[PDB]
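>
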Amino acid sequence: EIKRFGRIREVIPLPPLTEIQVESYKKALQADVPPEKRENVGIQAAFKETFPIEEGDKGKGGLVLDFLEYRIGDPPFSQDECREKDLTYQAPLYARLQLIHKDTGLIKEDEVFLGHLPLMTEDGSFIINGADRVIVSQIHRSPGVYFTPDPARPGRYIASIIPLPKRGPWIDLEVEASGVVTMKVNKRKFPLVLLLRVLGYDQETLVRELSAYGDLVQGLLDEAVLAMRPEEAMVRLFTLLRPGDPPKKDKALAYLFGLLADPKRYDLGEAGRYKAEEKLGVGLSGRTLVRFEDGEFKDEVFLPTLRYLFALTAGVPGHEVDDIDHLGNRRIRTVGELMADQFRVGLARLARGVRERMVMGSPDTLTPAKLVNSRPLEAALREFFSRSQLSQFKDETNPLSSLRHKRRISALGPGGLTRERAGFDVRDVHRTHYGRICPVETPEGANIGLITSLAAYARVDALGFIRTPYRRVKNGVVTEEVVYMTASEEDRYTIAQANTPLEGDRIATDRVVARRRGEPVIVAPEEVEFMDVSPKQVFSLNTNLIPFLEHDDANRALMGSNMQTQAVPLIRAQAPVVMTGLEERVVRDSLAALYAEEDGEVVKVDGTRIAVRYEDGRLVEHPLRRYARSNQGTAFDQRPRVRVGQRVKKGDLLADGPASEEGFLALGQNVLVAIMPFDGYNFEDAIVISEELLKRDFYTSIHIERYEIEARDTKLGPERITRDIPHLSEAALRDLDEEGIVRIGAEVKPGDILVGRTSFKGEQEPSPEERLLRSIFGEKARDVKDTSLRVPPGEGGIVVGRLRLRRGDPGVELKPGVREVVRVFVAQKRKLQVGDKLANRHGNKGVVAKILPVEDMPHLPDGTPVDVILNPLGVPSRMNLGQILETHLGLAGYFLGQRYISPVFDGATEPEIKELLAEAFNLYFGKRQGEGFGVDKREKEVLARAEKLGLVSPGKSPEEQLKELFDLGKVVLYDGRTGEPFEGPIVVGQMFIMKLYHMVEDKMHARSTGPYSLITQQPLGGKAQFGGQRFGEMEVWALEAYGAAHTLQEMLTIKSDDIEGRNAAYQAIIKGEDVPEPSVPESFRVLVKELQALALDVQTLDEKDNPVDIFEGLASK
Amino acid sequence: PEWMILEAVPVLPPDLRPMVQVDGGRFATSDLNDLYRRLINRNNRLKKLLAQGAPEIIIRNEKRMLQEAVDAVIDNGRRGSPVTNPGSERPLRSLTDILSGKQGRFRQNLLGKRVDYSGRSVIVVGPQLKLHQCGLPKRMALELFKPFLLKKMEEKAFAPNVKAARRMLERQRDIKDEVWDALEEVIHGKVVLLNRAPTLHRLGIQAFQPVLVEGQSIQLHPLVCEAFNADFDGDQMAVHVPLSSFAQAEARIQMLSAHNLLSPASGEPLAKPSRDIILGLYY
Amino acid sequence: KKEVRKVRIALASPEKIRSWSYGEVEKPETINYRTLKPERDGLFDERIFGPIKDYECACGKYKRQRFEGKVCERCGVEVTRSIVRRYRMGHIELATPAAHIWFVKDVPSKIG
Amino acid sequence: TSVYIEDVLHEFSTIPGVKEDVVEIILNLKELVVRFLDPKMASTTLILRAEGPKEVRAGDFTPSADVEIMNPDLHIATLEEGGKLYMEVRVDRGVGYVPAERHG
Amino acid sequence: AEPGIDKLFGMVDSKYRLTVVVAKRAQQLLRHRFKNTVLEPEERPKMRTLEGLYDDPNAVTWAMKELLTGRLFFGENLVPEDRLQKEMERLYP
Amino acid sequence: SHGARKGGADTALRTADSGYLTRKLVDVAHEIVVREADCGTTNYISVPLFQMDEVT
Amino acid sequence: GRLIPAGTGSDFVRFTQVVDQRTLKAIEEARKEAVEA
Amino acid sequence: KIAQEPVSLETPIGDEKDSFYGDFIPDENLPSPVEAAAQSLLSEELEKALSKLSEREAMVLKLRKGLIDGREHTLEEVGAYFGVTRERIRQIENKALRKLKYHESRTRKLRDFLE
DNA sequence: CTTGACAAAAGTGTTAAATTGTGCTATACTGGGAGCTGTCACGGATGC
DNA sequence: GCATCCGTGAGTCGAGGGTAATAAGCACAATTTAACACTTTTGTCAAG
RNA sequence: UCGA
Ligand SMILES: [Mg+2]
Ligand SMILES: [Zn+2]
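Okay, here's the thing in structure tokens:
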């Protein structure tokens, strides 16, 4: 059965969790959208901005290119096809433009081909270079005007302005304390009355609106300048701000024009114009500062920002300082905004590719056919999707991984902030944050608060203003209005909580929870204005999957969430028997599962393909991808859960997912858990387990790895993938099918070749001993040498994927000078080993310490032993009670088996679970009563000892006492070693855990003697690079602190890069002798010669002041 | 001081400014190369201009470019925006670029470095282990002590000589008792070191008697774990070895864990009972 | 052969620097796009800095250690290990004399 | 211990006409209990055939001497329309519990 | 801990002096294949072995007990390095 | 959550500062090592066990 | 990359020399081989 | 293929600043400790395997295979050494290499180094 | 161990075919070009 | 000497990750390299 | 970017 819980009932479900990536990108798509009627913004803005292109006026050479549509469609290859090809998933985009001569007035229209622009896949993750990647959302303070208290002046106030990043300069209204006012932009200081020159103002209008506020007149007045006129004093600051070029007149009408009036160089987001407009209490249309009207420049922006600034500084109410980190003042860069922006500037590079090319030439043969380029645009957009900070490897570690990852936002990147500049207020959580971004979930490293994750119900409009759903109310009336009230708008009304005294759709108790701006205040049935849909919105995805989360401290909660990201697939995976009930749309919106699109009936199961002929009469099927490799090597599988045939409704799940249990996310398992200090093996957040599960293969998964090799043609001539090797014995040639590659289903130890390759080594005369060695056996010197591709240590198992495409094959392109390439998957079943990372939803980590045999184990009177027995230490220090309550509900619930839905902040409580305990116990004591048993003497003993501290209420019979004890969460356990009970009760039950990504089978590495770096002979690093650890500066220091002189010396010399040191060492130990003393570390010698390149005379002396030769006979010239 | 105006510019050796290819087939190289190159370009072009009696203006300007180029091949960034590989914002790293800085040839290669005969892994509690005891991964230790096992195989029959041992090991995972118990004969006596980053107290690096145990994990005495600033939440500790018998002496004498049991800071005990122990004992 | 207990530092003079060098690097070019052999004067030149191959000359008339240090007459490469490629410097003779930005732009500014 | 099928590459690849994949059919393996009628029989072998749209169970095997199944009702795979599968297994006897990875 | 430590440290003034002692002596033991030493059959630091029980090859432990008796002698500027090292590689192969 | 998250960020950045400190310390007194058993200085500084309680 | 002036390789204690009894008296004699000269 | 130029070693990789390119390149241009001892080994093991050959044919074998001075001496030269015709030196090589072949196929010491 | 005969490996001489380096083009072209931000602390030179 | 600028720093090891794309041309002299012819050396063979 |  499934029983579930909670008081507050969600009035509306969660809008799709995949849209913030898909929809906000889709807005800049305009795919199906007609070529004529379009949105003018997004990708269409990227066109209308860079168009129309023109050089001339009516004159000798004129040219004008004007914009028409960019055919969307024709994807070259489907997702899967692109992924195996290493090609980007993309599609041709077709721009139709007209080339009109200024002179003849002859319109010559031509449609051209821009290039291949990557298109979005289904779940919202693009495929670039054959690899699934993702664009993480970006965040920055929304464009507009702002007002803060003067950082310099004690009581004064300063203003600021700014558009899209780099797409306009900063502006500041600061009053330096002269009593006069100096505006400052891009490192310079000039009077506020300076810029008013061409602004269309003079001595008059200035004092018209100057004194309308207060004492502010004088500082805004000047004499030595103001006598001048717009085109006269125009050259003043132009002479100043740019000494680089000669201060002409005509060039003061140009260089300044592009700064503001140019819509393309000042381009200001539709949101910036918006918010700043309704902010200053004025109106505007153009996204520029001032328009270019017929010579001089008119005014729109400056007058209002002056009005509001001077107002605020005067102290007239309603004009306040706009909050800095406030969500109402900060927008979100989404996929569409980003891609479209990059399209704008990249296509501007292409605009250079247009205006410049059309005059070197003859207007005779002319058409955008020859005038249009690709690489500036195509490679700009190619650059955005890879090298940028906001685009990286998709999180395929699990479905919920990519989900959450796509729902994460970073203030970092190109035009946000950077690591070097961050304060407290930067990564902090603003008062009005609330139901918008997750207050906890964030990397526990130096990125805490740096990368926040999106909340549940919170949305993002095209304006970047985040809007959290609320609920309107008029005097105790619950309205069906779902209010998306803006952050800035949220600060206005009075907002209650979802936990409000809900009864009879009316207000129950007088005093009610509520707030303004984030300030808690008790309210009355009248002043009630808004409410909350559900507390769910106050957190993110993973954070919402934690039951009784109100009992866990924020730290460990955070850890629990990001660890839910760290989760891996499980073959037998079992969804939490106690969850928050959110897992339904978790598997739906993840798009990792297969459902019924409409009403229909199953025909055939066939774990390859499930064919279901729908009620609509048409024959449709939905095949399945079974056991496919992901980015993290985490296995992707979909298990058909429907019989040979039956009829299903629309939305019913016909197939599982990498972790999906009957339409529920299954991370780990709910297996029996005990809590006690067991032989100190669980010491300090350590774990312990039982072999029993290893039999049942509870946590065991499948991991796949990507193997590849290039056939590249050498300067001595080409290589190839073949089955021949000169010296290879028949033994190693086994698994190769017929052509020199490993077949499907063959086990490979981590010595074993997958793909063989053959080359020819450069010709060098064998050393004398080698010459003779070659002579005795007469071994042919086969000019072909083995290039074969082996497998790394620790990675071994069977083989599934085998794909090889040579040069010239259908739908493939290779590198310039390569012949073939081979790619093989290696699949391996990994059972959970000793030392692996495991953790729960409540944020308690650990590693496996010594799995105990099924024999010995703290069983119960039913003889059922436990599976973990986790130590009770990390609980009080790290303060998480959620795992405790979860374990109790699992205690009473294992007997019942029914599920538990405990939504965050609303769910099971002490009385409920108490009744569950009493219930399960009644039926348990029943279980032993009719089966011919009674109270165990050992249990009598434990109850007696517990009765001393009042753990069980005295005077009551041991039956009732065990009822109480069992109710407390703890029962009687018998040591599986001795058979004797334990001095006191031990809380046990069913609790949810997880098998973390980090696996000892991988992380573990060692090297004796490997290769070295080219520059300096210092050994390599990394694992697959086969390299040793480095000894840090602090390591060195500690080593000195011990006072081990030689250990340190050998470390820095013989043991690391020393010239003959390492060699003579290997010699020594190989011969059993003792390693001699080293001479030069050899990184040192490099240092010396570097200093020589700096003409630093490097003189190494000796016991008394004499040149020592550090380089033996080396440079004596 | 006239030397500060130096005429002949020292050129760094080619192998110090490496250029070599890879499996991909393309060639790579350092930045200093390109710097040197463009420099010589300017110098030579200047030389071709001077003798032919070029106008004084172009000459002077070329000398300007000479100074700026040289000084760029030294301190690049000390004057103006540094010269970069054309089209890429990545600045060309000069001499002074490598000599100083975090990852510079100083702090990165002379005050610390990658070392041979090492490796690391996860950590697991040691309740059976003594103060001088560490669980050592099987496979790790095999590919750790490989020279030692080589000589041990030289002494103890099974293969005639040195190379035979190597090739009888690296190929075929055939870890059968010939090895598993010989490495043992070399194991006793000399001990190795364990370190848990960060290295704060010297006790962050201690030494333990190697004991080979089945697994890929690492066992360590629960009490000194505190001194290493390490809990069991999934940490990773690194292991190495004091090759020289002198350095080995050092390792077992003052470097051994069982030896320094007190705080070098507070003079108070170090490994004193922790968590569970205290719990049981007290109760 | 001798303990090094002391490390000095000083200013290298032009003549000294010349003595450090095994030759002037003329053609500012890596190698041939075909042969991958160090260019005639190219920065990677094995003819002055050191042989591309251990104990060998360039053209290959001296392939062996039987000739030690003897300069090849068909090539002009000292027959020796390629090790010297790391320890042997060059120099560039600058037409017009040029200072060094170090003691110039540094805080104390020696020359200034 | 031992399992073979004329149709498969490995422990994974999905057999047509069979709902569960191979390793799931293996989930149904170790959960199968079988006793021999002889104390002296070390190893053995078993043969299985299920064609058509009929399911597969421990009882569907080919009975023989010295073999008895204790759970004929054990579900193996739900075979869809016309699923054809051949199967064979060596069920041996030993002591304790040894994972597949430690024995060949 | 390593058996017989407290006394060892109790001998040399410098905690480090001991290390120098141990190092040099032990290395000398590896030089001659253990025929130098002042340890008799009962004092031979035998190591436990499944195969057969032999003397521990490690020079360090050997050095430990070697000084543990005190039969050795340690001092600075004891004798000129010449005759010191020349007669050591003579007596034993 | 406000308060806590603030705390966490704090501790992190402060770890970085710790690294700063320590390194700098190892670059000054590092050249100091106990050498002369007794230098022979007659100097010394007394350290009273008596600390004044403020405002008390 | 040399011997650190402190620790075991200190310029105080690295001078310490050790001899076993047999070889001790072996050299303790041969020092007197120079009394005839 | 010729088009693309050498890639800078200073190219930062990964998501960080500190992850570089240049120090990720292996140095194979120089011998390795395992290779040093391997070469020294073949040298020594063959050096002792030398004495089991006829005092004349061993010395001769050191020429034809280019051992002594490193430069291979032709049949005519070794013949001009022992005062024997080059044909003699030839059959000397046959019988020497085969006698060694007996000792090899028996001892199985140098059976390694088979690449 | 050696002599003559002879096949192939190797040496050398001379050319054809490729690769590479150089000079020049004439209506008139005559002072670039690209932007960027949300630290922080202290030490020094330098402009008040 | 008083405010205001260039200058130098800022935590440990790791796990991975990665791969890429602008620009004039034509005749001709000067060599370089590939081709070819043929002498000699050297290694093999038949048979003293 | 994520572990510790
Ligand atoms: Mg830890
Ligand atoms: Zn030569």
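Protein chains in written order, with full-length UniProt numbering: chain Y, 2 to 1118; chain D, 509 to 791; chain L, 2 to 113; chain S, 54 to 157; chain E, 2 to 94; chain H, 1074 to 1129; chain C, 1469 to 1505; chain W, 324 to 438. Backbone N, C-alpha and C fix where the C-beta goes; we use that ideal spot for every residue, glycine too.
(1) In whole angstroms, what is the alpha-carbon distance linking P521/D and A577/D?
(2) Can you list, in chain order, the residues of its chain with a C-beta nearer than 6 Å to that of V943/Y? Leave out the 5 residues immediately preceding and following it.
(3) Is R168/Y close to chain W, meaning its C-beta is less than 8 Å from at least one C-beta of that chain?
(4) For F665/Y, list the residues DSSP reports as bridge partners.
(5) With distance defined between alpha-carbon atoms, name the residue in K72/S, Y57/S, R143/S nearest to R644/Y.
(6) Using a Cβ cut-off of 7 Å, which residues of the stretch 24 to 42 of chain E contact any Cβ in chain Y, in chain order?
(7) Is the number of C-beta pairs between the stretch 999 to 1010 of chain Y and the stretch 627 to 642 of chain D that are closer than 8 Å three or more?
(8) For residue 1409/C, go through chain Y and note every residue whose CB falls closer than 8 Å to its CB, in chain order.
(9) Are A497/Y and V484/Y touching if we call contact CB-CB under 8 Å?
(10) Give me the chain D residues within the contact set of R89/L, using Cβ-Cβ distance strictly less than 7 Å, ordered along the chain.
(11) Taking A1082/H as the query, report the chain Y residues whose CB atoms sit under 8 Å from its CB, ordered along the chain.
(12) On the criterion of 16 or more Cβ atoms from any shown chain inside 10 Å, does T453/Y qualify as buried, or is it exposed?
(13) In the stretch 57 to 89 of chain E, which residues sit with their C-beta less than 8 Å from some C-beta in chain D, listed in chain order?
(14) Please name the residue in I129/Y, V848/Y, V441/Y whose C-alpha comes closest to that of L550/Y.
(15) For ligand 1, is there any heavy atom lying closer than 7 Å to the beta carbon of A1085/H?
(16) With burial defined as no fewer than 16 other Cβ atoms inside 10 Å of the residue's Cβ, what is the status of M580/Y: buried or exposed?
(17) Against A13/L, what residues of chain D qualify as contacts under a CB-to-CB distance less than 8 Å, listed in chain order?
(18) What residues from chain E crowd round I761/D, counting only those whose CB sits closer than 7 Å?
(19) What residues come near ligand 2, if near means a beta carbon less than 7 Å from any of its heavy atoms?
(20) Do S14/L and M90/L have their C-beta atoms within less than 8 Å of each other?
(21) Which word fits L950/Y, buried or exposed, when buried means at least 16 other C-beta atoms lie within 10 angstroms of its C-beta?
(22) What residues match up with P624/Y in a beta bridge as DSSP calls it?
Quick look at the numbers:
(1) 19 Å
(2) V973, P982
(3) no
(4) The partner list for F665/Y (beta bridge, DSSP) is empty, contrary to what the question assumes.
(5) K72/S
(6) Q28, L31
(7) yes
(8) The requested residue 1409/C is not part of the displayed model; chain C covers only 1469 to 1505.
(9) no
(10) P521
(11) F425, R428, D429, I449, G450
(12) buried
(13) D57, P58, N59, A60, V61, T62, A64
(14) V441/Y
(15) no
(16) buried
(17) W511, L514, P518
(18) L19, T20, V23
(19) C58/L, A59/L, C60/L, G61/L, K62/L, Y63/L, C73/L, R75/L, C76/L, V78/L
(20) no
(21) exposed
(22) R610/Y
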